[PDB]
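**Q**
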Amino acid sequence: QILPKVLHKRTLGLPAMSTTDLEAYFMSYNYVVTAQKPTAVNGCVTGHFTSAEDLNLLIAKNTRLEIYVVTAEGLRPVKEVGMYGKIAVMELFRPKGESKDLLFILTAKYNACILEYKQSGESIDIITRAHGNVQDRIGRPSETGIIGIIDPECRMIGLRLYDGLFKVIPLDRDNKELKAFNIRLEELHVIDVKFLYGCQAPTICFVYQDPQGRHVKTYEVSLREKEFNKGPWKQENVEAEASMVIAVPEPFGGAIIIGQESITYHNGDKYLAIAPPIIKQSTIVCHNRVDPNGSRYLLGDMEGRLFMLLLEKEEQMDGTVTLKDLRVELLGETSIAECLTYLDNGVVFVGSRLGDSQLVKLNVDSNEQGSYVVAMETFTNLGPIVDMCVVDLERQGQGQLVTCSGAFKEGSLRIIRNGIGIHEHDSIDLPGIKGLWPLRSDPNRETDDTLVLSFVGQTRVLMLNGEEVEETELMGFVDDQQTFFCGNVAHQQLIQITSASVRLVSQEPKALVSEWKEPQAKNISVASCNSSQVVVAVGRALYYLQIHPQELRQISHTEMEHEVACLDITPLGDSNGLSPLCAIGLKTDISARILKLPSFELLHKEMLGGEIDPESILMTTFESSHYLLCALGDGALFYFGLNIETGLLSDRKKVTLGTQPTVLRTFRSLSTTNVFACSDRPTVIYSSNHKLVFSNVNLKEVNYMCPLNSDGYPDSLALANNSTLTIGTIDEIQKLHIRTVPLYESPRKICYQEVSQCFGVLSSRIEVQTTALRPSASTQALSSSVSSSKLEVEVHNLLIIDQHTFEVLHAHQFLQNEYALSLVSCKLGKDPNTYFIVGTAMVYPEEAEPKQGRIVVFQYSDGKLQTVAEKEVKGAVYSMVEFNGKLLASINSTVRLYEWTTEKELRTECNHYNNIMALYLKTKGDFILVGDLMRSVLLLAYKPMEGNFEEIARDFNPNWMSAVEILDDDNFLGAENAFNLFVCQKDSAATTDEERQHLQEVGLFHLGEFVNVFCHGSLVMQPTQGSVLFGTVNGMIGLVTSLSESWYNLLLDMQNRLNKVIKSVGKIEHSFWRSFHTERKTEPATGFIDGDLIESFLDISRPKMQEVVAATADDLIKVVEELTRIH
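Note that the sequence shown covers residues 104 to 129, 184 to 926, 932 to 953, 968 to 1198, 1206 to 1293, 1307 to 1323 in the entry's author numbering.
1. Can you give me the Cβ contacts of residue 672 inside the same chain, cut-off strictly under 7 Å, excluding the 5 residues immediately before and after it?
2. If I follow the unbroken beta strand (DSSP E) through residue 317, where does it start and stop?
3. Could you please give the first and the last residue of the uninterrupted alpha helix (DSSP H) stretch that includes residue 687?
4. Using beta-carbon positions only, say whether residue 1152 and residue 1163 come within less than 8 Å of one another.
5. Considering only the alpha carbon of each residue, which of 127, 838, 858 and 830 lies closest to residue 845?
6. Closest to residue 643 by C-alpha separation, out of 592, 979 and 222, would be which residue?
7. In or out: residue 1287 buried (at least 16 other Cβ within 10 Å) or exposed?
8. Is residue 527 helix, strand or coil when you go by DSSP?
9. Does any CB atom of chain C fall closer than 8 Å to the CB of residue 322?
10. Would you report the Cα separation of residue 556 and residue 540, rounded to the nearest angstrom?
11. State the CB to CB distance for the pair residue 1305 and residue 990, rounded to an integer number of angstroms; the pair is presumed to be in contact (CB under 8 Å).
12. Where in the segment 1104 to 1161 do unbroken runs of the beta strand (DSSP E), each at least 3 residues long, occur, reported from the N-terminal end onward?
13. Can you confirm whether the segment 757 to 772 touches the segment 734 to 749 when touching is taken to mean that 3 or more C-beta pairs between the two stretches lie within less than 8 Å?
14. Contact between the segment 788 to 805 and the segment 730 to 739 is defined here as three or more beta-carbon pairs at a separation below 8 Å; is this criterion met?
15. Using only alpha-carbon positions, find the residue among 832, 769, 787 and 768 that is nearest to residue 780.
16. Let me know the secondary structure DSSP gives residue 1373 once reduced to three states.
17. By how many angstroms is the C-alpha of residue 568 removed from the C-alpha of residue 921?
18. In angstroms, rounded to a whole number, what distance separates the CA positions of residue 294 and residue 267?
19. Rank 1025, 399 and 875 by C-alpha distance to the C-alpha of residue 108 and give the top, closest one.
20. Rounded to the nearest angstrom, what separates residue 382 and residue 1241 at their Cα positions?
21. Hey, how far is the Cα of residue 1262 from the Cα of residue 1154?
22. Which term fits residue 692, buried or exposed, when burial requires 16 or more other beta carbons within 10 angstroms of its beta carbon?
23. Just to confirm, is the Cβ distance from residue 1325 to residue 269 under 8 Å?
24. Comparing C-alpha positions only, which one of 356, 321, 561 and 987 sits nearest to residue 309?
25. Thinking C-beta only, is residue 1079 closer than 8 Å to residue 1005?
26. Applying the criterion that 16 or more other CB atoms from any shown protein chain within 10 Å of the CB defines a buried residue, is residue 533 buried or exposed?
27. Suppose you measure from the CA of residue 354 to the CA of residue 111; what does that come to, to the nearest Å?
28. What is the C-beta distance between residue 682 and residue 639, in whole angstroms, given that I count them as a contact (C-beta under 8 Å)?
29. Find the nearest neighbour of residue 303 within the set 263, 331, 275 and 326, judged by alpha-carbon distance.
30. Under the three-state reduction of DSSP, which class applies to residue 430: helix, strand or coil?
31. Does the Cβ of residue 986 have 16 or more other Cβ atoms within 10 Å, making it buried, or fewer, making it exposed?
32. Can you give me the C-alpha to C-alpha distance between residue 281 and residue 210, rounded to a whole angstrom?
33. Please tell me whether residue 1226 and residue 188 are closer than 8 Å, where the distance is taken between their beta carbons.
34. Quick one, which of 300, 583 and 1114 has its alpha-carbon nearest residue 118's?
35. Kindly give me the distance between the Cβ atoms of residue 1055 and residue 1096, rounded to whole angstroms, as I take these residues to be in contact under 8 Å.
36. Indicate whether residue 1256 and residue 241 have their beta-carbon atoms separated by less than 8 Å.
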């Protein structure tokens, strides 16, 4: 019950001392949105939800629900939904007379629902069979949280929510409101509870604690008269640390109780126990049944070890089987598991809250070092985000996030970056280029070695002998007038389809063979040539010629009613070059039209909105569903569906992009190759599950592309600009890119020091009584040092990390029993050098409140780390900032200001000690905002004349704060530990003595996450004003911004009209979800607008869109699309 460690647990989310014990021991307009969805796993189940012959895995994040189908290769995604609440219970069950299972869900605000998966055609819905709210007016929530269980015969549902009460929900075909009733329990402290198998009336078994140890007991539930009757067997005694109850299935029956160094089996009178030595070291957390009999079980530790529990049975000579013994075997090591589930055929899913989750295989024969476990996949988890910083290493106008993530063995550093990343190698400034093609200089040799530029009105054939550039045109091509395509198809030929003529050329003789010229002297507008044929179009008409060895043949010819804008050709499957289908785009009546290749026979047509002519179009194959993408001269990017057999009109919904028109042409990165679209921002359209990526590129701009696969440029692609050529190799595709650096120990704080080009990271590790546990970064440092002051264990270190290769340059080890709490890096006074300043405290087991600490000043030099000054202090050092040239530090309910003299010392200036436990500290100009432990906020000022502190204002209304930020000169933002956000403001009232010593809470919001850190910055290059990022315990990243008044009114009206139309999954009301909620109060939200709902307006259908804001549809599409580009 020492404060630093309990606060660290709160920072990671582990069960901490309840706040009540801590008590005993003693006019604004904002906009909030999400940039990265939560990633930690709270729960997970398996079953038959989608159909009767499917095996499903269902995963719960904080407010997300994900559904996967289990195949022989791994997992496949089918749906993902978001709920208006925090999921606390999730169970599958199947009533009699049902084809498949239904899902029960309970929310942390006590919303209950039953859901069913209904997939009819190609569309998928989640329908709500019943819904209600099960909250009690009077009572207090218990420890160990909420518990929910289901009878094996689907007769009732049992809930433990409060103390001294057991809530029962009957499960008959009536009860669409989930009416419940309470049964009184004599036992006021229940540890775990479950329903027993193979009984006649619903039987319940549970473990409780009271003076004289903890016990296990049973009951029978009579839902016909609302009372417990009596259990099948009496009450026993169990180990003082019994915590887990398992109900064994039918052939055995009975219960298995798990504690520490004991595993026990009770069934009526039968009783067995084992105490295998391996269980001593660490605690078992989770369990899962492998065999439907109940013949094997999996168990997982707090340190990552995975065990199998075996029940060996005895066949009776005439009676039912019994069991004789129990056995435990160490299987191996994984990540610490919050959820463990078993899938099928020796495959296990390990779901984690403090590390990456992963998919594992169990072998029958131990490999080297005797392990049965072999990893298969990992899924990234940003973990608890305990601290982060914004850094712009490469000196463009775009920053990156660097965060400390994870815990004990899973601790790491994460780098988060925006966009698609190319790595320019041959950078030369060439002005405007009209296009770009390859050319083959040899027979069909391996990767190409020649390229063709094309300028505003010209095409020039280069040569490429490696990294160098050279110009040497073979004397058979064009050099002064633009060609539409010059590439290759097959069979020892070259294409030259010019606006002057069409051609076939010899490559081995490098000579001309034959030519064909337009017999109208009228110049072509747009052509197309894919990989075996060319299709062209002139005036109002369209030719089509197949390219055959050594000559040309006319294969099709037909005029179009309107003037051709563009064409395309591509074989999309079992067709080796010849594409039976073809599409046409038009200027005047903007319309995509389907026309067969062989004879230009009419197939169909479809029109659109707008007037400006399109700039590009392609037919695209990425999945089993083909697409036709057109790109217009305004910024709209339209997509239509292709069924290559018939071609019935598939999905559509309008969109805008950047100001310049878009050019779309296909790239290569994987055998599931996708398309790239050139605009003001190059934009990949890639396949993720079935939808479209719209990710930008870390690039100024590009117009027209051509892939490059040469030996020195293995998977590159040359892109042209108004004045640039841009080439590089492709990283990931999605919007955010995450890079991981493993540390093998817990990080706590991070800070950046530019003039050194390094990071400083505080870290900690655990050591047995002290030798070793495993190699870590604090151990394998390049250099190392130990403190030499003269004024399990945890060992704290300061790590100096290189910013390029991300390796540990140096490690400093602090004194014994010393906890480093805060870190800063700055310049003080008139000294020119920049230091690393660290604040610590000395932590002892018996006593309850630290009473000493240091403030150490380090200088990192050419290759070493020195020490400059020490300044022992009488208390813990919770935070410090660099104020103006001085140092501001909070010492154990006091705030103090220090000065850096010419002797390289620090000297005290002034103090303020009215608060209690000042934890957080932020500064702006001459004001200081102090965030208290349980005393809301406090605003202070520094008076340069008298050189001391003056208390300007204080906020009443107790609040258990967890983070603090300064928005501008007058609005202060705070996050509290019940998952709420609030905004305070300085009251402008008369009577200048008393009511100006008040801050008014002018904004309230319920977020649903636990905020750990705020920081000023943004992730995009270069309506709204300001930008603050925050990070949470579940791994979510969010963004807060300020608005005007007219915009706030507009969007609030929009919010009401939107949630009058959208259907919520469990039929929860958005207004109820976002209300400010603590045990002491509940008020409607005000002063906040949430952008998740607003951004969902772009996913709605055209008729539903006009119902909202019934003042045009596009007039609001523009606004929302503008808002979408903030993050």
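Heads up, the beta-carbon is just placed ideally off N, CA and C, and yes, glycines get one too.
**A** Well, looking at it:
1. Position 515 of the sequence shown, counted from the first residue, corresponds to residue 672. Same-chain partners within the cutoff: 658 and 660.
2. Along the sequence shown, one-based indexing puts residue 317 at 160. Residue 317 -> beta strand (DSSP E) spans 313 to 317.
3. Along the sequence shown, read from residue 1 onward, the residue named residue 687 stands at position 530. No alpha helix (DSSP H) holds residue 687; DSSP gives it neither H nor E.
4. Here the question's residue 1152 lines up with position 976 in the sequence shown. Here the question's residue 1163 lines up with position 987 in the sequence shown. No; because the gap between Cβ atoms is not below 8 Å, this pair is not in contact.
5. Reading the sequence shown from its first residue, position 688 is the one you call residue 845. The shortest Cα separation from residue 845 among 127, 838, 858 and 830 belongs to 830.
6. Within the sequence shown, the letter at position 486 stands for residue 643. For residue 643, the closest of 592, 979 and 222 by C-alpha to C-alpha distance is 592.
7. The residue you call residue 1287 lines up with position 1104 of the sequence shown. Residue 1287 is exposed by the Cβ-count criterion.
8. On the sequence shown, position 370 is the one that residue 527 refers to. Of the three classes helix, strand and coil, the one that applies to residue 527 here is helix, per DSSP.
9. The question asks about chain C, but that chain is absent: this structure has only one protein chain.
10. Position 399 of the sequence shown, counted from the start, is the residue given in the question as residue 556. Position 383 of the sequence shown, counted from the start, is the residue given in the question as residue 540. Between residue 556 and residue 540, the C-alpha separation is close to 21 Å.
11. Within the chain, residue numbering steps from 1293 directly to 1307, and residue 1305 belongs to the interval with no atoms modelled.
12. DSSP runs (the beta strand (DSSP E)) wholly in the segment 1104 to 1161: 1113 to 1119, 1124 to 1130, 1137 to 1142 and 1147 to 1152.
13. yes
14. Output reads yes: the segment 730 to 739 touches the segment 788 to 805.
15. For the purposes of this step, residue 780 is identified with residue 623 of the sequence shown, where counting begins at 1. Minimum Cα distance to residue 780 is reached at 832.
16. Only positions 104 to 1323 of the chain appear in this structure, which leaves residue 1373 out of reach.
17. The residue given as residue 921 occupies position 764 in the sequence shown. The residue given as residue 568 occupies position 411 in the sequence shown. When rounded, the distance between both Cα atoms is 10 Å.
18. Numbered from 1 along the sequence shown, position 137 holds the residue referred to as residue 294. Numbered from 1 along the sequence shown, position 110 holds the residue referred to as residue 267. When rounded, the distance between both Cα atoms is 12 Å.
19. Within the sequence shown, numbered from 1, the residue matching residue 108 stands at position 5. The candidate whose alpha carbon is nearest that of residue 108 is 1025.
20. Residue mapping note: residue 382 aligns to position 225 of the sequence shown, counting from 1. Residue mapping note: residue 1241 aligns to position 1058 of the sequence shown, counting from 1. Cα-Cα distance, rounded: 45 Å.
21. Taking the sequence shown and counting its residues from 1, the one referred to as residue 1262 is at position 1079. Taking the sequence shown and counting its residues from 1, the one referred to as residue 1154 is at position 978. Each residue's Cα considered, the two are about 9 Å apart.
22. Numbered from 1 along the sequence shown, position 535 holds the residue referred to as residue 692. Buried, because 16 or more other Cβ atoms sit within 10 Å of the Cβ of residue 692.
23. Residue 1325 falls outside the range modelled here, since the chain spans only 104 to 1323, and no answer is possible.
24. The count along the sequence shown starts at 1 and reaches residue 309 at position 152. Among 356, 321, 561 and 987, the Cα nearest to that of residue 309 is on 356.
25. Position 829 of the sequence shown holds residue 1005. Position 903 of the sequence shown holds residue 1079. No, the pair does not count as a contact, with Cβ atoms beyond the cut-off.
26. Within the sequence shown, numbered from 1, the residue matching residue 533 stands at position 376. The residue is exposed, with fewer than 16 neighbouring Cβ atoms inside 10 Å.
27. Taking the sequence shown and counting its residues from 1, one reaches residue 354 at position 197. Taking the sequence shown and counting its residues from 1, one reaches residue 111 at position 8. Each residue's alpha carbon lies about 41 Å from the other.
28. Within the sequence shown, numbered from 1, the residue matching residue 682 stands at position 525. Within the sequence shown, numbered from 1, the residue matching residue 639 stands at position 482. Not quite, the Cβ-Cβ distance comes to about 12 Å (not below 8 Å), so this is no contact.
29. In the sequence shown, the residue the question calls residue 303 occupies position 146. Taking only the C-alpha atoms, the option nearest residue 303 is 263.
30. Start at 1 with the first residue of the sequence shown, and residue 430 comes out as number 273. Looking at residue 430 - three-state DSSP - the assignment turns out to be strand.
31. To locate residue 986, count along the sequence shown from 1; it is residue 810. Flag for residue 986 reads buried.
32. Residue 281 sits at position 124 when you count from the first residue of the sequence shown. Residue 210 sits at position 53 when you count from the first residue of the sequence shown. Answer to the nearest angstrom: the Cα atoms are 18 Å apart.
33. Translated into positions along the sequence shown, residue 1226 becomes position 1043. Translated into positions along the sequence shown, residue 188 becomes position 31. The answer is yes: Cβ separation under 8 Å.
34. Here residue 118 is taken as the residue at index 15 of the sequence shown, counted from 1. The shortest C-alpha separation from residue 118 is found at 300.
35. Position 879 of the sequence shown, counted from the start, is the residue given in the question as residue 1055. Position 920 of the sequence shown, counted from the start, is the residue given in the question as residue 1096. At roughly 6 Å, the Cβ-Cβ gap stays under 8 Å, so residue 1055 and residue 1096 are in contact.
36. Along the sequence shown, one-based indexing puts residue 1256 at 1073. Along the sequence shown, one-based indexing puts residue 241 at 84. The answer is yes: Cβ separation under 8 Å.
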